[PDB]
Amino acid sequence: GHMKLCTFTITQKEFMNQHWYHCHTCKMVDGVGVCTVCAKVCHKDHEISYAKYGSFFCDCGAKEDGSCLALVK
């Protein structure tokens, strides 16, 4: 099937309920995190740790420089 991309590309309102992760290599901790896809693609081998499930949007995909590797381009 398709290759799932960053949940930011499908977050149609500001937030969406989902599992999300911390990346200590990128110091994206606390209130900052990444979706299930970006933990596996953009932060592969990047000292990832489960955060929680809840209301969230992905800070990897949202980054304005477009450096997320899991966007539609």
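One-based numbering along the sequence shown.
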item	value
Entry-level comparison of average CA B-factors, 21 to 29 and 52 to 60, reporting the higher stretch	21 to 29
Residue range whose averaged C-alpha B-factor is higher in the record, 43 to 51 or 30 to 38	43 to 51
B-factor third for the C-alpha atom of residue 3 within its chain	highest
Residue 71, C-alpha B-factor rank within chain (lowest, middle or highest third)	lowest
